[PDB]
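Novice: Here is my input; please provide its structure:
(5 chains, ligands or ions: 1)
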Amino acid sequence: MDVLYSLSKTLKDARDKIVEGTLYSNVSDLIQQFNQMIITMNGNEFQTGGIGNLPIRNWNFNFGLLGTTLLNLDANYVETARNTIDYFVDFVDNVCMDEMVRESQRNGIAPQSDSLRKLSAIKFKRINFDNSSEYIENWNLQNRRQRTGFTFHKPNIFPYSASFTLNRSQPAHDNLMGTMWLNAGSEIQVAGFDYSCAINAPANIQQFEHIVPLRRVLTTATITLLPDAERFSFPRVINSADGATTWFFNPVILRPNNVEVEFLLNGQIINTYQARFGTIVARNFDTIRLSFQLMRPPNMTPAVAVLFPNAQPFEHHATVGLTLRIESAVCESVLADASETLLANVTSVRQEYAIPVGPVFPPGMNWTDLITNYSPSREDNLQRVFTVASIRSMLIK
Amino acid sequence: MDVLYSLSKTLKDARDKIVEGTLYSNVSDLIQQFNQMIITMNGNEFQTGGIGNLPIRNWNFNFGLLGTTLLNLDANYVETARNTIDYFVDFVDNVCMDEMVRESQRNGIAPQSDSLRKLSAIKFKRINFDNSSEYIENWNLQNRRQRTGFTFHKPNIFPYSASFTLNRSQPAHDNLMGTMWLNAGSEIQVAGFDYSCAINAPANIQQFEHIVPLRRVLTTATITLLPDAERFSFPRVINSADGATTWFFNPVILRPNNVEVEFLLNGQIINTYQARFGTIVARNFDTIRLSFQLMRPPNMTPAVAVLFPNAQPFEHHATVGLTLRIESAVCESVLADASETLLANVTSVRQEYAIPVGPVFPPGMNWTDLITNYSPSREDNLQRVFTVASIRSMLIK
Amino acid sequence: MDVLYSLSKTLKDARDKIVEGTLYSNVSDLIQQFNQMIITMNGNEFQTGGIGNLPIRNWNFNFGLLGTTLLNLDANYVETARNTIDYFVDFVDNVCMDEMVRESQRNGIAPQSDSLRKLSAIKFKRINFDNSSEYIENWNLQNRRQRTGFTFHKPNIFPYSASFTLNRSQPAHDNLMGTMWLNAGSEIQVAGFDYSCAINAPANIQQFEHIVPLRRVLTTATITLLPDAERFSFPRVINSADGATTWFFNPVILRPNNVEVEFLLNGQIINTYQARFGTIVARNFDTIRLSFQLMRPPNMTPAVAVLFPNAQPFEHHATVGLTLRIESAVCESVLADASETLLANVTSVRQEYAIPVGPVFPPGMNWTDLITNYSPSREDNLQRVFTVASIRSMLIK
Amino acid sequence: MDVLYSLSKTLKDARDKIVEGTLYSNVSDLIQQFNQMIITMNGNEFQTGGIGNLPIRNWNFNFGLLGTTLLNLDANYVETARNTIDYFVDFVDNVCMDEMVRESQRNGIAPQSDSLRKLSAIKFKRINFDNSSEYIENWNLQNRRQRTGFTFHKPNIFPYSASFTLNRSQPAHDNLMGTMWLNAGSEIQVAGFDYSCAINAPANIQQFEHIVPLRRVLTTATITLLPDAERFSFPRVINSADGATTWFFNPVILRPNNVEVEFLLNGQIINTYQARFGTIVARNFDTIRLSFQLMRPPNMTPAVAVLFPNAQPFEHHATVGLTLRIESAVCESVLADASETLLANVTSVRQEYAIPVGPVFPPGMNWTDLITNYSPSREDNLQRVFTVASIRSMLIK
Amino acid sequence: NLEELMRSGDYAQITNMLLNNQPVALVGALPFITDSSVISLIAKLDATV
Ligand SMILES: [Zn+2]
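Specialist: Numbering: from 1, shown residues only, chains lettered A, B, ... in the order given. Below you will find the coordinate block:
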């Protein structure tokens, strides 16, 4: 894995640094590493592919070394360099597509393809170069069991869970009470509704609560906390819990009284925020507890007093919402987010070559089913395949 | 173009690496490239500007070489380096503003300013240095006709198109049927509505369909697909097709039954998703086909059954929506997105100096009119000017 | 500050470049800088911490130099390098946590901790290395008073301000007129409403206006401008200005007629946009002026004409909205955004060690109260602590 | 591809220049290239064919060099030259028929046959000769991404589309109004008809309009624009839109009043022509907009006044036509026209050997279905196969 | 190429492919020892030069 990143880093630098007319002192330390790579890789044969429609390709390396005698690199040196680089780039492309496609339940952090099991010897250890990308740094730090952090912009930590809860209900569905939520991507939109608007609740206050457990512990998260959840604020008809009948929801929106957002780690309150909106911070957490309440307004104009009678027919239903959007967060485990394209590369390789469903990953690489049951073996497989995807995304655009 | 990136990369590194007190071995390979640059650029004169209010500046280079005899760089060397660097940074700033402002219908990928046409000789080819940024890598790969990929976070692939379609309509506008949509940035929000709620449709099911053709082929796109389009879910009054009269839209929201999202490339179904929300992936596509349908609920509580009569007056109109947001995608052509600021730099240079509207780009650099008719000559001009904008964004903050 | 970035850059590179089996020519220029660092840091003692619950740690440096005699780095060299690197990483971690926690009203740009005041001597100046990150580049450019630019993705330039304005009001609250807005993060959602729908306004047109002053001058901003503000488009009950009574808001949405978005710098119109939506650009501005107007539709179908009578009871209130979202912008001062995690690191260090509220920063590091009153001394403190947070985010993941 | 053109150019010249009795100085530079070709091609074996009924042929090259010692070429030298030339001509014929028959959806511009993939090495690069034909010049210019132009005489840019449009219609089909058109080859024949002859239109003028979008951008087109479209000027019976019933069309021809022919590129008016017939020019366009109108003649003799009553039975229907014939045009992409026979050669090779329908090209090489959906992958395949067809048309007559 | 190998003098490769026993074809213009012996054929003399 280290030598695969090293091959790709030298091929990236040798497409970048070895150009026409450049001075030799700019590339004097790269040509020695590329010659060490050629010297190491000669005499060895590899075999990539063999699963799904990924074709079996045989790789044989017989190349001459590059010259170390120019002052300015002329176009002859650039053309022979482009030939050797194009062959090695095709090789590492097929090794990365052979490694992202395989998985194992037993020990997923180990290389699974034959080519990367062959590259994991000490004969190939002199290929090794700097490990400067974030994924290979976290690979090398977790290979020695130290703390890592992946910085994500809007991480997909929440599985898709659009549902509700009726704390007070009946088959008439004309006096309901409870919460509704949308957990999607990095965004929680929650809305507790009461049809009576707390006309019989004690002190005209109805307490709502919504507890979101996470799968991995997020660290140093900037979170936009806004009131008035926008999706649960227009009238809609909703199927029941058993899916038998449908019930109508005509909301009018009160502001959330007494918002308490708590960030729990192992049941301990790490951060708490009482009636503070805008951008908040949560330093260390794996559970988000939103505690908002609906208070009936004690003074109402005649346009408002016709909405909430004391009797039964409520044509306008009180609804109170919050919105919580994790903008950026540092997570020790791998995830998906709106910035990288690594999950897209993994799914593109697994869908392009018509790959059968294996023992670990969900069918079709369903990220909702992958983050719903995010086991440590699946975590190891996901980190390995994302690291190889980062390597191929360095070489192949 | 390669030598302009090389000038800017050396000036960036020489502002970074040549500091006070640093060891000479840290900068021993940069001073040789900077001296090669001084040796190449001496004796040459340039002329930048001359269009709009961009002033004509004449550039003459007569500089001495930097010393190669220190062990730790003292402040004398830093001050003479800062002088030479500030003159070259002003030169490359005015060359980049002279190149981003010009365009050509005939061959836009060629340099248009006099200074960059003069820098495109082999006398200046020994300036050349590593080409490590993404835009100069894709420039050098498309100069040899190989595959490229620009990674965008929320790409502006959709032109602004807020409109609707009435599959069933009359001048009374009290029994309507059809779709509405908002295509903006990277987000499609579509909503098919029926006023009758399929009370006379066969099997109480009304089929909707919305086909979005793209202008360039996106590759490996992570896409957040949510139901219940939020913008088309509140009551509004809307002008008609001819703009004569206005009609009222009072929606109640059903969930989308039988969602089929297809990703078409050349009419062939690449990816398909049947009733799966959350984050989806689309590996290769240039057309997005959303096929959702409205099914009348067969079991309704008395709060719902008063909404949808069998007769004509429908005060509550059935509406079913979807939301499709491309979070990140790899595109072979250049675009704009929410991450880079290159389009902002191009428009800032073209608006700061009061530049007349030329033959290629839209008046005022309208991105909606630029991506509506995204011709290959406009593509070449846009890629060239974005590459020069990336170069200037390296030097000028 | 320069030497602290230099320590962290060498420790990052020496975790990256000094690996097992790598060639010596890949690391031949890094080992000399790391040996210069060891030679400079020996014989010196430091003391970190001493505020809040941050513990006092004493640092003594007595290390041998690294060998310069291998061809391929074996595991002995890697293990002794990992020992020296782990001690220096713990040192620079505690120096960065000692510097982010302190502040001064007098001159915040100066180092406040004892360790960084000791590192600011010329004895430690030979530690210095390349300054390539964005924050240390802008630190070095503003230390010489040149122009800088921080590129932000969705900058938190707006303080949280959710409020309204009643241009026409009475204690009955049945015929109201005025604007409502949400300024949050990078997003302005504004909506002017009239209950009469301009039935007595001249030419049936009511002019709205919303002026947002900024705190710092943004430059080259890509801005998504959409109509029909989604948050102020559903019915809600709202407390009054004095908080005494509540009033009801039942909106129906017209489209915004005659949108004029102006970008003011020092009262001068830099950019203007007349009825153009989608992505717009604003090259230089510190005030955003939205001027939209509500026009009564002169032709209405019978479904619309029942909504807006000539008399007093308006059960459906005309409402016209806009949405303005700054996707990316270049600002000369430091801010927070959805991409970086530096504010999260600063708040995590200040909340982890139970730090008392000082003279400059708001209690609890309230970003709304920090950008509401964004004084230049607070700007200097914020830039210094964000630079140290960037340094620690390089070392500590 | 370059070496295949080089093989064919040398074989063409060596059939032309190497004749009996010619002076040696006329052929002294051709025999050296032909000997370089023999020296390069010896020792190599090739295999052509293997798809459809194209037979598998194995090619082995073992030839002696030609003599360089004559003053006038005698018949011995001509006969041994004719032997070697006939073997190489049979080889390149089968390589060209092996390359025109294959295609790929992934990257069509790459060689697909095994023989041309083997010829694309640098061992065969010394075969290379002048590239003087138009197709190999545009191949070499588009291999470096520069502007090209293919000059066509009557290009087949329009797909076959014979249809109509009824702006005013009824099931009686006795008072109709709208346009009819024939788009075929390089010729647009359009005719707007009114049965009432604008007897109730405002100012007795009926405006017609016909917008033809192109698939590729034509450049510098000479266009014969005539009035009075000849095909839509005689009586005919025409099936309806749904194909249910037929309707009768008895035209009398008025001249086209107020002809406006506009040549649109990206929606911008490049060229416009107001009431000018004969030969016109259109410098840069991809949309042709014909705007002609029918004006009722205000003064009519008694032979004309009986044709157009004010009442309903119109036995003579007013019809106004235009004809637009692109005589010659320069297009950047490949097309078919009335001058070349390259499409005929491609279809003859694909139909002679009974070739199955692949993924890219339409079944039976339907040019109407190929220019209807003219995708860039199909464009690359079409350009590659037309270049190989031009090479074989040089060798094989 | 043996000529370019003589020019450069870095070897680096024929040393590698000679120590680790890898197949190779040295293109040059060398003079050779013609040798008529089966005992010298059995004793494997060519690997020693
Ligand atoms: Zn984002």
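
Novice: all strands of the stretch 201-350 of chain A, in order?
Specialist: A:205-207, A:210-227, A:236-239, A:246-249, A:251-253, A:257-265, A:268-274, A:278-295, A:317-331 (DSSP state E, counting those that start in this stretch).

Novice: so how many other residues sit close to residue A:382?
Specialist: For residue A:382, the count of nearby residues is 25 (other CB atoms under 10 Å in any protein chain shown). C-beta coordinates here come from the backbone N, C-alpha and C atoms, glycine included.

Novice: out of the strands of the stretch 201-350 of chain A, nearest to residue B:302?
Specialist: Nearest to residue B:302 among the strands of the stretch 201-350 of chain A is strand A:246-249; the distance by CB to CB comes to 9.4 Å.

Novice: Next one: the closest one, is it in contact with chain C?
Specialist: No: legend: contact between strand A:246-249 and chain C by CB under 8 Å from any CB of the partner chain is lacking; minimum distance shown is 12.0 Å.

Novice: helices and strands around that strand, which ones?
Specialist: strand A:236-239, helix B:302-305 (3 or more CB pairs under 8 Å, 6 or more residues apart in numbering or on different chains; DSSP states H and E).

Novice: ok, the most centrally placed residue in chain A - contacts?
Specialist: Nearest to the mean C-alpha position of chain A, by CA atoms, centre = their mean, lies residue A:336 at 1.4 Å. Each residue near residue A:336 by CB atoms under 8 Å, 6 or more residues apart in numbering or on different chains is listed here: A:155, A:156, A:342, A:343, A:367, B:222, B:279.

Novice: Please repeat the previous calculation with a cut-off of 7 Å.
Specialist: A:156, A:343, A:367, B:222, B:279 (CB atoms under 7 Å, 6 or more residues apart in numbering or on different chains).

Novice: what does residue A:344 give?
Specialist: B:220, B:221, B:222, B:281.

Novice: same question, residue A:46
Specialist: A:59, A:115, A:118.

Novice: returning to what we had before: which among the strands of the stretch 201-350 of chain A is found nearest to residue B:381?
Specialist: Nearest to residue B:381, of all the strands of the stretch 201-350 of chain A, is strand A:317-331, at 34.8 Å by CB to CB.

Novice: That closest one and chain B in contact?
Specialist: No: residues of strand A:317-331 are not located near chain B by CB under 7 Å from any CB of the partner chain, the shortest gap being 10.2 Å.

Novice: beta partners of residue A:180?
Specialist: Counting by DSSP bridges, residue A:180 is bridged to residue A:164, residue A:191.

Novice: The residue lying closest to residue A:211 once chain neighbours are set aside: neighbour count?
Specialist: Closest residue to residue A:211 apart from its sequence neighbours, by CB to CB, 6 or more residues apart in numbering or on different chains: residue A:289 at 5.0 Å. The tally of other residues near residue A:289 (other CB under 10 Å) stands at 17.

Novice: same question, the one 5 residues further on
Specialist: As a burial measure, the neighbour count of residue A:294 was computed by other CB under 10 Å and equals 24.

Novice: dump the residue contacts of residue A:13.
Specialist: When the contact criterion is CB under 7 Å, 6+ apart, the partners of residue A:13 are residue A:30.

Novice: would you say it is within a helix?
Specialist: Yes: using DSSP: H, G, I helix; E, B strand; the rest coil, the secondary structure at residue A:13 is a helix.

Novice: Export the helices and strands packed on strand A:246-249 as JSON lines, with columns for distance to residue D:125 and mean neighbour count.
Specialist: Compiled in JSON lines, the helices and strands packed on strand A:246-249 are given as follows (distance: least, CB to CB, whole Å; neighbours: other CB atoms under 10 Å in any protein chain shown):
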{"stretch": "strand A:236-239", "distance to residue D:125": "69", "mean neighbour count": "19"}
{"stretch": "helix B:302-305", "distance to residue D:125": "77", "mean neighbour count": "16"}
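
Novice: Find the helix or strand that the closest residue to chain C within chain E is a member of.
Specialist: At 13.2 Å from chain C, residue E:12 is the closest residue in chain E, using CB to the nearest CB. Assigned by DSSP states H and E, residue E:12 falls within no helix or strand.

Novice: Go ahead and confirm it touches residue A:65.
Specialist: Yes: counting by CB atoms under 7 Å, residue E:12 sits close enough to residue A:65 to count as a contact (5.9 Å).

Novice: neighbour count winner among those two?
Specialist: residue A:65 (19 against 16).

Novice: Name the nearest residue to the more buried one, sequence neighbours excluded.
Specialist: In space, residue A:65 is closest to residue A:35, 4.9 Å off (CB to CB, 6+ apart).

Novice: now for the helix or strand containing that neighbour, which elements pack on it?
Specialist: Assessed by DSSP H and E, residue A:35 sits inside helix A:30-41. Counting contacts by 3 or more CB pairs under 7 Å, 6 or more residues apart in numbering or on different chains; DSSP states H and E, helix A:30-41 is packed against helix A:2-16.

Novice: Any idea how many residues pack against the residue lying closest to residue A:26 once chain neighbours are set aside?
Specialist: Using CB to CB, 6+ apart and skipping residues adjacent in sequence, the residue nearest residue A:26 is residue B:33, 5.5 Å away. Neighbour count for residue B:33, taken as other CB under 10 Å: 23.

Novice: Which residues are in contact with residue B:33?
Specialist: Contacts for residue B:33 (CB under 7 Å, 6+ apart) come out as A:23, A:26, B:10, B:129.

Novice: separation between the first one and residue D:268?
Specialist: Shown here: residue A:23 relative to residue D:268, a distance of 47 Å by CB to CB, to the nearest Å.

Novice: the more surrounded of the two?
Specialist: When residue A:23 and residue D:268 are compared for neighbours, residue A:23 comes out ahead with 21 against 17, by other CB under 10 Å.

Novice: just checking, that one touches residue A:72?
Specialist: Yes: at 6.0 Å, residue A:23 and residue A:72 qualify as touching, with contact defined as CB under 7 Å.

Novice: okay, and the common contacts of these two?
Specialist: residue B:126.

Novice: by contact count, what packs against the helix or strand hosting residue A:390?
Specialist: With elements delineated by DSSP H and E, residue A:390 resides in helix A:376-395, which encompasses its position. Judged by 3+ CB pairs under 7 Å, 6+ apart, helix A:376-395 is in contact with helix A:2-16, helix A:75-100, helix A:134-142, helix A:342-352.
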